[PDB]
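Listed in order, the protein sequences are those of chains A, B, C and D. Counting in the entry's author numbering, the first sequence runs from 798 upward without gaps. Counting in the entry's author numbering, the second sequence runs from 2 upward without gaps. Numbering-wise, the third sequence is residues 14 to 931, 946 to 1125, 1135 to 1376 according to the entry's author numbering. Counting in the entry's author numbering, the fourth sequence runs from 1244 upward without gaps. For reference, the structure is listed below as structure tokens.
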Amino acid sequence: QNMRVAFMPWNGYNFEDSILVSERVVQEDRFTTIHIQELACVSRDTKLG
Amino acid sequence: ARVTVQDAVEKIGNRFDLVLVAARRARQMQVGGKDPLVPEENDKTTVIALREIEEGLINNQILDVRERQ
Amino acid sequence: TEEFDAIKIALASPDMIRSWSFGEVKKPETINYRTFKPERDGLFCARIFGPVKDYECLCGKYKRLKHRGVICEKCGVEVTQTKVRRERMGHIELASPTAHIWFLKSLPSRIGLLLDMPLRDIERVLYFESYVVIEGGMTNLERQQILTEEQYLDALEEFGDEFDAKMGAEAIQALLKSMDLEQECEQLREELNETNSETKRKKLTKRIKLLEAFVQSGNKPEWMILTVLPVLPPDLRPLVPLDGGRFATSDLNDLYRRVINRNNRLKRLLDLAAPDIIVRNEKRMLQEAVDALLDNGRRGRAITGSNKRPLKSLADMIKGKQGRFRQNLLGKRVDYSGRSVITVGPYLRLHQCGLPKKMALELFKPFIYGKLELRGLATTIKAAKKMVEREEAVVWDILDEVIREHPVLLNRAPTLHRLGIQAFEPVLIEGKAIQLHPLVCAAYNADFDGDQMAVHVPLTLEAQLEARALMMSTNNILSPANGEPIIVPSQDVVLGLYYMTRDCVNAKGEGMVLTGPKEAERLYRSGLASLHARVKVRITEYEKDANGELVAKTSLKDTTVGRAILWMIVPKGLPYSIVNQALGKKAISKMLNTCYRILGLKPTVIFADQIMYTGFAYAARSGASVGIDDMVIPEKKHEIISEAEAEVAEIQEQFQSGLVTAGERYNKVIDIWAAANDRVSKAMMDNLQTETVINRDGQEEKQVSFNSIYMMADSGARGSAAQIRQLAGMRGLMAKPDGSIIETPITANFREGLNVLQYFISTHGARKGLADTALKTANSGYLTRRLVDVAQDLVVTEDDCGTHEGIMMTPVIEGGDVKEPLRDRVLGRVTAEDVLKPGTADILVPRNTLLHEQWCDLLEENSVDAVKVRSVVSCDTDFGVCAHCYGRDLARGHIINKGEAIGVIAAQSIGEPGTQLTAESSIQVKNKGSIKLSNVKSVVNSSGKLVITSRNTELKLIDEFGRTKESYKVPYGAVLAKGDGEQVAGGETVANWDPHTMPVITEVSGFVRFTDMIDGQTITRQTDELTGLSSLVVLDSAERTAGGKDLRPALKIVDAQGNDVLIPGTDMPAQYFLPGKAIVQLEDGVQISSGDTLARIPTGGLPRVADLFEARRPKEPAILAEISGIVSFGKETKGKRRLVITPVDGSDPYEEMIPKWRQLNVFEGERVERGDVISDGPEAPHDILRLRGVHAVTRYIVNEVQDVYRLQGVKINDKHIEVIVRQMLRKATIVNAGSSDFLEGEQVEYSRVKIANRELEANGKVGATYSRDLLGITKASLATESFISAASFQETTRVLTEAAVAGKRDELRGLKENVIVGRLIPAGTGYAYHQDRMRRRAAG
Amino acid sequence: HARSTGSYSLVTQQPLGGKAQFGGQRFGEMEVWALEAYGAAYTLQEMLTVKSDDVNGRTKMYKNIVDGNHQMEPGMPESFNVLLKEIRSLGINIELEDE
DNA sequence: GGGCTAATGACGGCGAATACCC
RNA sequence: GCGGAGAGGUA
DNA sequence: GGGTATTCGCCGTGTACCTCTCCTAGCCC
Ligand SMILES: Nc1ccn([C@@H]2O[C@H](COP(=O)(O)CP(=O)(O)OP(=O)(O)O)[C@@H](O)[C@H]2O)c(=O)n1
Ligand SMILES: [Mg+2]
Ligand SMILES: [Zn+2]
Ligand SMILES: [Zn+2]
């Protein structure tokens, strides 16, 4: 997604390649992804039953 | 937090047996056989023992004399 | 746990193996796969190895703990704790005695030479193709005769008796049992007393040493053949049942099953008395299975079921990276540890780190439980657990309270050097990322682009104290490699400070006078003055000039607002000047340096934190950004490019006509393009650098621009001039795959747009770069591993050994100037002896004193040039080094403390930086000085030249006050101009010689006389007309014609009368053997001038460092002289020309063969010195050490490595290279006799202590002279005393076999052994402990 | 990821490696060297025995920590005993001597 | 499901084992 | 459900 | 026969971490 960036050092919170982000980004819910795990339970036939 | 131990190493210049004497003292302090000679400021017993070492009250010889006494 | 020491290794006898074993595994089955109870007999058996479940038998008759020794009558399983199933070993009774693969296939085949039988024969026997007649009684056949099938048949039929032959490992065991160790040993000593020949004497000495080792150790040779085979406890080779009735098994289960199968089938076949062929096949099959068990991979590589990969055998489990020692015994996996992504956290103190709540709770769980129970919040431990799993406010309060002073260890994945692990005090924070203090990133090489870090918790009290004292960030500000600071501000900080200190011609508040920095800040933050604006301020600096008292000096300085704002932080002791400048990267670094040297640690720490905060803040206030217009295309670029294109066009057209070769045209184009690149770069730098033409009140002025990209360049925050060029200029020349340089460069830049070709080329460049870094990293890692490995055991044990030896250290002045000054080279080294002023009895430094900054400055005030300092290599201490011989240099400033493991610090410091490692016509004096010649003996001739007659001649430069600035090496035959005394102007040509031509120089005058220079036989007169042209060819040994092979043409130098003029002082008849390719152009009849031409004669980085440290013969070594004196020729043309060195005093008989291709640099009648060059090329360190001795080889290695390292601009102190070298030459070879075995390679330590014991005894007794040896770190480590150290990283099989046969005993004595065994290392905090234990033995 | 105590491995009784199963960080040989460069003997010692490999040591240390005392009892790592057993499985007798 | 049986695409270094050259 | 291969990715 | 080359074969080739599939097999009763 395309967002408004400003190139400047902001009290070394973007010191190294790190990135600073605005609470509006989480508010607007624009970097929230959906993930999906699969789980499997298998019932086999043992000789005890 | 005690950010530098430079004065404690200036007391004993080896900088290694410093750790041993401070460990013995802090172990006598944790298992409550002894009492601290310095007013604690909510420090744990390690930094207490270092604070005591830097003030000149405790070294190896004081430990030996007090133990035999 | 017992208190033990001395791990002993030896061959296991079959009775001992039976002793360990608890039962026989008869059938290969393990478990019923249906009911998971183990087999009644099998690889997993309860009656042999132990009960599956604690204290209960298999059939279930006895299950209670009341019974602890009973063995159930039905199931023979004893009732005990299942843990024992982890230690009980079993055994298998082999029907056919089997060979141990390790003792056979290991490169020196110890069965082979022990039996004195070549490996080929043993292999012939083992695969069952032929017999061997072992002690065939009274017949006509020897003892090691190989016999073919039908030869054995006809022999057996003819000779029924007195014919003893057998087959296989049982035959070999028979050979071993019947051997008389001592009789053969004594016979061998007699043979050695009778034999004088190199190679046979070496094989004999190896064998005699093997025999002596067996008779001393008490191992009988027959044990190399296995009769009983032990089987590993089951829980160590599990057969775990996967969910779903299927099983997962280690490969050892498969191998054991196969072995048992083949064994049982062979047993049945033996009971059946099957024919020999079949039993032989079965015995072979059992051999493959067993040898696959022991070491799978030395045969047809018995692969696994349906996977095509060779399965892993025991040797594979031990040896190798993935297997063992590396993986599980030096590379464990601790508890109370975590991992997460790293983040900035500027607000932190230097000694702290942001730690997520949830990880901190998880790590400190048991601490939480303890504190919760102490406070009574929880009745029992389970209630504490439940309280932690709900995570109530009380839990967080307890966590905050416990965390208070508890330090944690932070580590970053590639721990290159010891600063890869540091301790911090954690501060609980939200989030899932670990917060790392910015200043320490440089130490960690950490970057916030997804780098992760691990966090460990020290548990015991001694560990806590050690983490906070030794490892804490604030205690490690100086790099252990060189003394300089590690924590220097990196990029944002330095940018902010740079912005703050730079001044501008005109701004708001120009030239107003401020009473101090505080009102400067008043002005700046209120917007009544610019952050940078020239101003007069009154400032009170403090100076500790007295004995530790601070004196305030208060005056008016002309500075910027910004410099005042910065001054607020600076501690008292520092001069104002420090901040007064532009304050870039270097300036800030040296600021920190001075602050440390003057005040000490704590002020430096707090000052660094302050610097970080102010830099970050004001960088943010600056608002520095990067727009497309910030990078200014030079206005005159297009002209430069069009001009260069016109020039290249003219040169190419002028090529098509054919006045210049292709190579010459290439060179011309490349040079013109390079010049154009430099032109555009300089134009761009002029445009960008000082372009702010801003106006003061009236007229204009110009100043260093405020272009953001330029500030980023100049400050040293990011980018170099090269990248600025790459942005705004033409991006220079490129290299094609093979290294050749493309003719047309990339004229475009990233501000503009490249096109397909230029991009493509740069793509190649970047690709090659990346691949380089990958392979470079792998090689680095390997090199640093060897280094830390070899030098681990070295520890500072003694305070002062008291030796007078030392190395005379000078500043390495390579050619033009002083690449590295004295002061840094000597700082922190103790002196070997007092040095005197230029006037005797004027002692400048008492006997050994640590040379700190004050002494170095004092030496600067005087004019000391070279200082002899005690070095670690020459240290006298046994089993370690002494504090004084080492010196001070550390992350701290003081003399080294007893106990410190200097080997590892040296190895790490040399290894970690190793990841950025990849004409001569006229001499030109750089600075006006006096010329001085060293190690020369000249003879002024008639032409008026100071003729150089020495090959080792040097021309140094003494300055006004007696110091050697420049140094050059002047070879034989270089025309000279100025002699001795003359002052030479700047850049004036003092010497001259032909680059691609080495002339042969005559010493005397007269007529050239032809001796053995016969016409027709070896030379062919093809001569031209009057003008004196000829083609007389004196060919070399290789190129001489077929007829003139043995007739050697010569030129004797006679005078005008005829008599051979003799070299002054010597009687030698001058018989000049014309060397190779002697083109006699100037024919007979032209008066020879002094200087006539007789004969025209036409790697670095990581591999170079690894090769220097491994002491690898560079495949074409130069040759040296052993003794001095008249050399001479000998028996001619045998295939390698003989040179016999004849000593004027010493004995003659030293001959050296020389190949035909070798060219000689010295004349026959010349005066050589020992270890002078005879042939040109790279010298192998071994010869230099052997001839010149220890200090020479150590200086050579140190300088050669330091050259590579400084070429990249990485500073390392020489002491580390010295420590490694000292670890390299640990071994010596005995040449005399008296207490040793007269030839054994023995460490110099044991040899020295033997001499010391003789000295300690009142009687002189025997002292034996020894010669030093230098071994490369891989082999040197292989020949270590302790066998666990060597086994830890090398071929495990080889060293294990050597120690097993030798019966070696390990006292552990080292660091790595103690680590492996899990006791206290003998270094540092544990040194006292081990010293204490030393007192505990042999005491009361 | 973080762990205090959890499941340990079968053959060499060290904690599992990984994220799926709790798993501890790998204190590798380079880290060992880092600690050796300092005089840090007790930290390395606990890291080598009490933190991973010594079974009796780890349980005694858990109990000791719970008791509010911070001492230790290093013992010999189980992996070393496994090593002895594996080398002994060859024809090599390797014994821990005593005097 | 259960029961029974069991090929080719690294490279360098080094030291020992023949090949051969006088 | 401890392991080991193969594939990919991170620094 | 003894010293020198040459083939030959073994041994090594960075750390830390994160995903997924796949795991004794074939034939006969
Ligand atoms: N195959 C690899 C590739 C990378 N790494 C690791 O990634 C980092 C490379 O930094 P680097 O110097 O190469 C790039 P950076 O530090 O960010 O500075 P720059 O971008 O301004 O140039 C090092 O810590 C390496 O250990 C590795 O272990 N193996
Ligand atoms: Mg990174
Ligand atoms: Zn029973
Ligand atoms: Zn010494």
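All residues carry an ideal CB built from backbone N, CA and C; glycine is no exception.
request  = Quick one: grab the DSSP three-state call for C:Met298.
outcome  = Here the question's residue 298 of chain C lines up with position 285 in the third sequence. In the three-state scheme derived from DSSP, where H, G and I count as helix and E and B as strand, C:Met298 is classed as helix.
Nearest-angstrom Cα separation, counted from C:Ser263 out to residue 1438 of chain C = Nothing can be reported for residue 1438 of chain C: it is not among the residues displayed for chain C, which extend from 14 to 1376.
request  = Specify, as a first and last residue, the run of the alpha helix (DSSP H) that C:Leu872 falls within.
outcome  = Within the third sequence, residue 872 of chain C is the residue found at index 859, counting from 1. Element bounds for C:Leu872: 866 to 874.
task = Taking a Cβ distance cut-off of 9 Å, strictly less, list which residues of the stretch 893 to 916 of chain C are near chain B, in chain order.
result = So the close ones are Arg905, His907, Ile908, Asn910, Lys911, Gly912, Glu913.
message = Please tell me whether B:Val32 has its Cβ less than 8 Å away from any Cβ of chain D.
response = Residue mapping note: residue 32 of chain B aligns to position 31 of the second sequence, counting from 1. By this cut-off, B:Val32 is an interface position.
Inter-residue spacing [alpha-carbon to alpha-carbon] between C:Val583 and C:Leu1223 = Residue mapping note: residue 583 of chain C aligns to position 570 of the third sequence, counting from 1. Residue mapping note: residue 1223 of chain C aligns to position 1187 of the third sequence, counting from 1. In this structure, the CA atom of C:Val583 is about 56 Å from the CA atom of C:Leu1223.
ask   = At which residues does the beta strand (DSSP E) containing C:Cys898 begin and terminate?
value = Start at 1 with the first residue of the third sequence, and residue 898 of chain C comes out as number 885. First-last for C:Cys898: 896 to 899, but that is the alpha helix (DSSP H), not the beta strand (DSSP E).
request  = Establish whether the CB of D:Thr1302 and some CB of chain C are separated by less than 8 Å.
outcome  = Taking the first residue of the fourth sequence as position 1, residue 1302 of chain D is located at position 59. At least 8 Å separates the CB of D:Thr1302 from every CB of chain C.
key: Close-in-space but distant-in-sequence residues of the same chain around B:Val10 (CB under 8 Å, 5 per side omitted)   = Looking up residue 10 of chain B in the second sequence gives position 9. The residues are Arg16, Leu19.
ask   = Hey, is C:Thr1230 close to ligand 4, as in C-beta under 7 Å from one of its heavy atoms?
value = Residue numbering aside, residue 1230 of chain C sits at position 1194 when the third sequence is read from its first letter. Between ligand 4 and the CB of C:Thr1230, the shortest heavy atom gap is not smaller than 7 Å.
message = Quick check on this structure: which residue in D:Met1304, D:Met1273, D:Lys1328, D:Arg1331 has the alpha carbon closest to the alpha carbon of C:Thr428?
response = Your numbering for residue 428 of chain C matches position 415 in the third sequence. Closest in alpha carbon position to C:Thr428, among D:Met1304, D:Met1273, D:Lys1328, D:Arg1331, is D:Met1273.
request  = Find the nearest neighbour of C:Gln1195 within the set C:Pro420, C:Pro1102, C:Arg860, C:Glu1278, judged by alpha-carbon distance.
outcome  = Within the third sequence, residue 1195 of chain C is the residue found at index 1159, counting from 1. Nearest option by C-alpha distance: C:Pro1102.
task = Take C:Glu534 as the anchor and find which of C:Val1353, C:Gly575, C:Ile908 has the nearest alpha-carbon.
result = The residue labelled residue 534 of chain C in the question sits at position 521 within the third sequence. Closest by alpha carbon: C:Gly575.
Cβ of C:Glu475 within 8 Å of any chain B Cβ = Stepping through the third sequence from its first residue, residue 475 of chain C is reached at position 462. Interface annotation, C:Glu475: in contact with chain B, CB-CB separation under 8 Å.
message = Going by DSSP in three states, C:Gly257 sits in which element: helix, strand or coil?
response = The count along the third sequence starts at 1 and reaches residue 257 of chain C at position 244. The answer is coil: DSSP assigns C:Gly257 none of H, G, I, E or B.
message = For ligand 3, I want to know if C:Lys87 counts as a neighbour, meaning its beta carbon is within less than 7 Å of at least one of the ligand's heavy atoms.
response = Taking the third sequence and counting its residues from 1, one reaches residue 87 of chain C at position 74. Proximity of the beta carbon of C:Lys87 to ligand 3 is indicated: a heavy atom of the ligand is located closer than 7 Å.
From C:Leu252, C:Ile273, C:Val145, residue whose alpha carbon lies closest to that of C:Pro41 = Reading the third sequence from its first residue, position 28 is the one you call residue 41 of chain C. The residue among C:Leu252, C:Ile273, C:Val145 with its C-alpha nearest the C-alpha of C:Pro41 is C:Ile273.
task = Tell me, please, whether the CB atom of C:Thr43 is closer than 8 Å to any CB atom in chain A?
result = On the third sequence, position 30 is the one that residue 43 of chain C refers to. No, because no Cβ of chain A sits closer than 8 Å to the Cβ of C:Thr43.
message = Cβ closer than 9 Å: which chain B residues qualify as neighbours of C:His469?
response = Translated into the one-based positions of the third sequence, residue 469 of chain C becomes position 456. Near C:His469 there are no residues of chain B at all, since even the closest Cβ is about 16 Å away, more than 9 Å.
request  = Go ahead and label C:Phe763 buried or exposed: buried means 16 or more other beta carbons lie within 10 angstroms of its beta carbon, across all protein chains shown.
outcome  = Translated into positions along the third sequence, residue 763 of chain C becomes position 750. The Cβ neighbour count for C:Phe763, taken over all protein chains shown within 10 Å, is under 16; the residue is labelled exposed.
task = Return the chain-ordered list of same chain residues with a C-beta closer than 6 Å to the C-beta of C:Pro27, the five sequence neighbours on each side being excluded.
result = For the purposes of this step, residue 27 of chain C is identified with residue 14 of the third sequence, where counting begins at 1. The answer, listed in chain order, is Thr240, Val241.
query = chain C partners of B:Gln7, CB-CB under 7 Å?
reply = By one-based count along the second sequence, residue 7 of chain B stands at place 6. Chain C residues near B:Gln7: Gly613, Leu614, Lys615.
ask   = Cα separation between A:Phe804 and C:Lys598?
value = For the purposes of this step, residue 804 of chain A is taken as residue 7 along the first sequence, with counting starting at 1. For the purposes of this step, residue 598 of chain C is taken as residue 585 along the third sequence, with counting starting at 1. For A:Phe804 and C:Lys598, the gap between their C-alpha atoms comes out near 22 Å.
key: Contact list for C:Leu478 against chain B, beta-carbon separation under 8 Å   = Numbered from 1 along the third sequence, position 465 holds the residue referred to as residue 478 of chain C. Chain order gives the chain B residues near C:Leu478 as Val20, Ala23, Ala24, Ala27, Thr47, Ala50, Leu51, where near means a beta carbon separation below 8 Å.
inquiry  = If distances are taken between C-alpha atoms only, which option among C:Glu52, C:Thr43, C:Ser119 comes closest to C:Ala1336?
reply    = Mapped onto the third sequence, residue 1336 of chain C falls at position 1300. Each of C:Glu52, C:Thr43, C:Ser119 was checked against the Cα of C:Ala1336, and the nearest Cα belongs to C:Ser119.
request  = Specify, as a first and last residue, the run of the beta strand (DSSP E) that B:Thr46 falls within.
outcome  = Stepping through the second sequence from its first residue, residue 46 of chain B is reached at position 45. Where B:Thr46 is concerned, there is no enclosing beta strand (DSSP E), although the alpha helix (DSSP H) around it starts and stops at 46 to 55.
query = So is D:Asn1307 in contact with chain B if we call contact Cβ pairs under 8 Å?
reply = Numbered from its first residue, the fourth sequence carries residue 1307 of chain D at position 64. So no, D:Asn1307 is outside the interface.
query = Does the beta carbon of C:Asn488 sit closer than 8 Å to a beta carbon anywhere in chain B?
reply = Counted from its first residue, the third sequence places residue 488 of chain C at position 475. Under the Cβ distance rule, C:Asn488 counts among the residues neighbouring chain B, one pair being separated by less than 8 Å.
ask   = To the nearest angstrom, how far is it from the Cα of C:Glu1202 to the Cα of C:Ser994?
value = If you number the third sequence from 1, residue 1202 of chain C lands on position 1166. If you number the third sequence from 1, residue 994 of chain C lands on position 967. Whole-angstrom Cα-Cα distance: 25 Å.
ask   = Would a check of beta-carbon distances place C:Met513 closer than 8 Å to chain D?
value = Your numbering for residue 513 of chain C matches position 500 in the third sequence. Chain D contact via Cβ: absent.
request  = Pick helix, strand or coil for C:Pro243, following the three-state DSSP scheme.
outcome  = Translated into the one-based positions of the third sequence, residue 243 of chain C becomes position 230. C:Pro243 sits in a strand when the DSSP states are folded into three classes.
key: Endpoints, alpha helix (DSSP H) assigned at B:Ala24   = Locating residue 24 of chain B in the second sequence gives position 23, where the first residue counts as 1. Run containing B:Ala24: 18 to 31, per the alpha helix (DSSP H) assignment.
inquiry  = Check for me: the alpha helix (DSSP H) holding C:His1023 runs from which residue to which?
reply    = Start at 1 with the first residue of the third sequence, and residue 1023 of chain C comes out as number 996. Annotation for C:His1023: no alpha helix (DSSP H) segment contains it, and DSSP assigns it neither H nor E.
message = Quick check on the burial criterion: 16 or more other C-beta atoms within 10 angstroms. Buried or exposed for C:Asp785?
response = As a position in the third sequence, residue 785 of chain C is number 772, starting the count at 1. With fewer than 16 other Cβ atoms within 10 Å, it is exposed.
task = Let me know the secondary structure DSSP gives C:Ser694 once reduced to three states.
result = Indexing the third sequence from 1 puts residue 694 of chain C at position 681. In the three-state reduction of the DSSP assignment, C:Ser694 falls in the helix class, which pools H, G and I.
ask   = Can you tell which of C:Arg692, C:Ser1164, C:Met644 has its C-alpha closest to the C-alpha of C:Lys650?
value = Residue 650 of chain C sits at position 637 when you count from the first residue of the third sequence. For the residues C:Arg692, C:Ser1164, C:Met644, the minimum Cα distance to C:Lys650 belongs to C:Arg692.
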